[PDB]
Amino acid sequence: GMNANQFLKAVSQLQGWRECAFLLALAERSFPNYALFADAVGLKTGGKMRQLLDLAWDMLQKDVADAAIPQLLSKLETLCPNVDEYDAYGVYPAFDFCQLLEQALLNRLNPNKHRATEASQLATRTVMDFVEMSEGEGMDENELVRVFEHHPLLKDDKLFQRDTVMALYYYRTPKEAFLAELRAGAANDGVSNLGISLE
(Lines of atoms letter the chains of each structure in order from A and count residues from 1; the text may use other names and numbers.)
(Lines give C-alpha, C1' and ligand atoms only; values in the text may rest on other atoms or scores of the structure.)
Protein backbone atom coordinates (compact mmCIF):
# COMPACT_ATOMS: atom_id res chain seq x y z
CA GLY A 1 0.00 0.00 0.00
CA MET A 2 0.97 3.64 -0.77
CA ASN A 3 -0.27 6.63 1.26
CA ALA A 4 -1.62 9.97 -0.16
CA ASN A 5 2.04 11.25 -0.35
CA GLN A 6 3.42 8.10 -2.06
CA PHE A 7 2.38 8.45 -5.68
CA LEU A 8 5.92 9.33 -6.79
CA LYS A 9 7.33 6.53 -4.66
CA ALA A 10 5.18 3.84 -6.46
CA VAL A 11 6.13 5.45 -9.77
CA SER A 12 9.83 5.29 -8.88
CA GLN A 13 9.53 1.55 -8.27
CA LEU A 14 7.85 0.63 -11.55
CA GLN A 15 9.98 -1.78 -13.60
CA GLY A 16 9.60 -4.29 -16.37
CA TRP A 17 6.30 -4.62 -18.15
CA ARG A 18 4.57 -2.48 -15.49
CA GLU A 19 6.87 0.47 -16.31
CA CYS A 20 6.17 0.01 -20.01
CA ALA A 21 2.39 -0.12 -19.38
CA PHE A 22 2.56 3.11 -17.34
CA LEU A 23 4.57 4.89 -20.07
CA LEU A 24 2.12 3.69 -22.76
CA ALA A 25 -0.83 4.80 -20.63
CA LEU A 26 0.58 8.33 -20.38
CA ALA A 27 1.12 8.37 -24.17
CA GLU A 28 -2.34 6.99 -24.96
CA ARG A 29 -3.99 9.66 -22.82
CA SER A 30 -2.10 12.27 -24.81
CA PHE A 31 -2.57 10.81 -28.26
CA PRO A 32 -5.59 12.88 -29.33
CA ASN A 33 -3.44 16.01 -28.88
CA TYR A 34 -1.16 14.65 -31.61
CA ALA A 35 -4.10 13.67 -33.84
CA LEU A 36 -5.75 17.07 -33.47
CA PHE A 37 -2.54 18.93 -34.26
CA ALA A 38 -1.75 16.70 -37.27
CA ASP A 39 -5.24 17.28 -38.55
CA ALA A 40 -5.26 21.03 -37.82
CA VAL A 41 -2.05 21.74 -39.73
CA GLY A 42 -2.89 19.32 -42.56
CA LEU A 43 -0.21 16.69 -41.83
CA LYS A 44 -1.49 13.26 -42.83
CA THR A 45 0.33 11.63 -39.94
CA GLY A 46 -2.43 10.94 -37.38
CA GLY A 47 -3.20 7.50 -38.84
CA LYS A 48 0.47 6.54 -39.06
CA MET A 49 1.03 7.63 -35.45
CA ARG A 50 -2.03 5.64 -34.28
CA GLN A 51 -0.46 2.52 -35.85
CA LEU A 52 2.95 3.14 -34.23
CA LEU A 53 1.32 3.55 -30.82
CA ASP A 54 -0.85 0.45 -31.45
CA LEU A 55 2.37 -1.42 -32.20
CA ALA A 56 4.00 -0.17 -29.00
CA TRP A 57 1.01 -1.55 -27.03
CA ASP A 58 1.23 -4.91 -28.96
CA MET A 59 4.91 -5.16 -28.09
CA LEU A 60 3.98 -5.45 -24.41
CA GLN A 61 3.18 -9.09 -24.91
CA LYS A 62 5.39 -9.99 -27.89
CA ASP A 63 9.14 -10.54 -28.40
CA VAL A 64 10.61 -7.85 -30.66
CA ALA A 65 14.06 -7.81 -32.24
CA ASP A 66 16.28 -5.27 -30.49
CA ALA A 67 17.70 -4.76 -33.98
CA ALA A 68 14.25 -3.44 -35.06
CA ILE A 69 13.93 -0.77 -32.38
CA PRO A 70 16.16 1.99 -33.80
CA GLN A 71 14.03 2.08 -36.97
CA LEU A 72 10.90 2.58 -34.84
CA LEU A 73 12.49 5.60 -33.12
CA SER A 74 13.57 6.88 -36.53
CA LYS A 75 9.95 6.62 -37.80
CA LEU A 76 8.74 8.45 -34.69
CA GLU A 77 11.26 11.28 -35.26
CA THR A 78 9.90 11.81 -38.82
CA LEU A 79 6.35 12.13 -37.39
CA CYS A 80 7.43 14.48 -34.60
CA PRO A 81 6.98 18.19 -35.13
CA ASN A 82 9.46 20.90 -34.39
CA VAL A 83 7.78 23.36 -32.02
CA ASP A 84 9.56 26.35 -33.63
CA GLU A 85 8.14 25.52 -37.07
CA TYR A 86 4.50 25.98 -36.10
CA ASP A 87 2.88 29.03 -34.53
CA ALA A 88 -0.26 27.42 -33.14
CA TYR A 89 -0.13 26.27 -29.47
CA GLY A 90 -1.30 22.72 -30.38
CA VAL A 91 2.22 21.78 -31.53
CA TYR A 92 3.45 21.76 -27.91
CA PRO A 93 1.13 18.99 -26.64
CA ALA A 94 1.76 17.19 -29.94
CA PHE A 95 5.47 17.23 -29.20
CA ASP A 96 4.91 16.15 -25.58
CA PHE A 97 3.00 13.10 -26.78
CA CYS A 98 5.92 12.14 -29.04
CA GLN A 99 8.28 12.42 -26.08
CA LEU A 100 6.08 10.07 -24.03
CA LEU A 101 5.99 7.48 -26.80
CA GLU A 102 9.74 7.91 -27.37
CA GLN A 103 10.33 6.91 -23.73
CA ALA A 104 8.18 3.81 -24.09
CA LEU A 105 10.12 2.79 -27.25
CA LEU A 106 13.54 3.57 -25.74
CA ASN A 107 12.58 1.49 -22.74
CA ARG A 108 12.33 -1.65 -24.86
CA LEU A 109 15.96 -1.23 -25.94
CA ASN A 110 17.30 0.01 -22.61
CA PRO A 111 14.89 -1.19 -19.92
CA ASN A 112 17.18 -0.58 -16.96
CA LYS A 113 17.09 3.22 -17.20
CA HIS A 114 14.33 4.60 -14.95
CA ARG A 115 11.86 6.74 -16.93
CA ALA A 116 8.46 6.76 -15.20
CA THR A 117 9.18 9.65 -12.81
CA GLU A 118 10.19 12.17 -15.42
CA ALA A 119 7.51 10.93 -17.91
CA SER A 120 4.86 11.50 -15.14
CA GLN A 121 6.17 15.05 -14.52
CA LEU A 122 6.08 15.78 -18.27
CA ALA A 123 2.53 14.44 -18.56
CA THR A 124 1.42 16.76 -15.69
CA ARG A 125 3.25 19.71 -17.21
CA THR A 126 1.37 19.28 -20.47
CA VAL A 127 -1.87 19.90 -18.59
CA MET A 128 -0.45 22.69 -16.42
CA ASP A 129 1.01 24.49 -19.45
CA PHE A 130 -2.33 24.24 -21.28
CA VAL A 131 -4.35 25.58 -18.30
CA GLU A 132 -1.84 28.38 -17.91
CA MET A 133 -2.06 29.33 -21.61
CA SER A 134 -5.83 29.06 -21.86
CA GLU A 135 -6.81 30.60 -18.49
CA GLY A 136 -3.78 32.21 -16.84
CA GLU A 137 -3.26 35.38 -18.85
CA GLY A 138 -2.82 38.36 -16.51
CA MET A 139 -3.02 36.22 -13.33
CA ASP A 140 -0.57 36.48 -10.47
CA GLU A 141 1.33 33.31 -9.73
CA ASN A 142 -0.61 32.56 -6.62
CA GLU A 143 -3.96 32.99 -8.45
CA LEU A 144 -2.79 30.62 -11.16
CA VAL A 145 -1.80 27.99 -8.60
CA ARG A 146 -5.28 28.26 -7.04
CA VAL A 147 -6.73 27.66 -10.51
CA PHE A 148 -4.44 24.57 -10.80
CA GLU A 149 -5.54 23.17 -7.47
CA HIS A 150 -9.26 22.98 -8.47
CA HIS A 151 -9.02 22.63 -12.23
CA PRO A 152 -10.86 19.53 -13.43
CA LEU A 153 -8.22 18.69 -16.06
CA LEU A 154 -5.51 18.68 -13.37
CA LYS A 155 -7.64 16.88 -10.76
CA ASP A 156 -8.51 14.26 -13.35
CA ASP A 157 -4.94 13.88 -14.61
CA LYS A 158 -3.66 13.36 -11.12
CA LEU A 159 -6.19 10.60 -10.44
CA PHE A 160 -5.67 9.00 -13.86
CA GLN A 161 -1.93 8.72 -13.19
CA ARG A 162 -2.47 7.43 -9.68
CA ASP A 163 -5.19 4.90 -10.69
CA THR A 164 -2.89 3.55 -13.38
CA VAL A 165 0.21 3.24 -11.14
CA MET A 166 -1.77 1.68 -8.31
CA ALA A 167 -3.60 -0.80 -10.52
CA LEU A 168 -0.14 -1.94 -11.68
CA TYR A 169 1.21 -1.89 -8.13
CA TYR A 170 -1.44 -4.27 -6.79
CA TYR A 171 -1.80 -6.48 -9.85
CA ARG A 172 -0.59 -10.08 -9.45
CA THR A 173 -1.51 -13.51 -10.74
CA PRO A 174 -3.30 -15.63 -9.68
CA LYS A 175 -6.30 -13.94 -8.05
CA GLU A 176 -5.20 -15.15 -4.64
CA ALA A 177 -1.89 -13.27 -4.90
CA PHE A 178 -3.77 -10.11 -5.95
CA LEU A 179 -6.06 -10.41 -2.96
CA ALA A 180 -3.03 -10.92 -0.64
CA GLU A 181 -1.57 -7.59 -1.87
CA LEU A 182 -4.86 -5.70 -1.53
CA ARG A 183 -5.24 -7.09 1.97
CA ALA A 184 -1.66 -6.16 2.95
CA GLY A 185 -2.29 -2.63 1.74
CA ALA A 186 -5.45 -2.28 3.83
CA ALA A 187 -3.65 -3.80 6.89
CA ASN A 188 -1.14 -0.96 6.54
CA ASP A 189 1.40 -2.64 8.85
CA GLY A 190 -1.17 -2.69 11.63
CA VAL A 191 -1.79 1.09 11.55
CA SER A 192 -5.54 1.92 11.30
CA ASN A 193 -7.32 4.72 9.46
CA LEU A 194 -7.01 6.79 12.63
CA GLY A 195 -3.19 6.53 12.71
CA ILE A 196 -3.11 4.19 15.70
CA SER A 197 -1.70 0.64 16.16
CA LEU A 198 -1.34 -1.95 18.91
CA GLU A 199 2.46 -1.44 18.91
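Residue numbers here begin at 1 and follow the sequence given.
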Looking only at C-alpha temperature factors in the entry, 146-154 or 38-46, the higher average sits in 38-46
Entry record, C-alpha B-factors for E102, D87, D129, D96; the maximum is at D87
Assert third(CA B-factor, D54) within chain per record equals highest
Binned into thirds over the chain's modelled residues, the C-alpha B-factor of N193 lands in the lowest
Of the three thirds of Cα B-factor ranks in this chain, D63 occupies the highest
Temperature factor at the Cα of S134, chain-ranked in thirds, falls in the highest
For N33, the third of its chain by CA B-factor is the middle
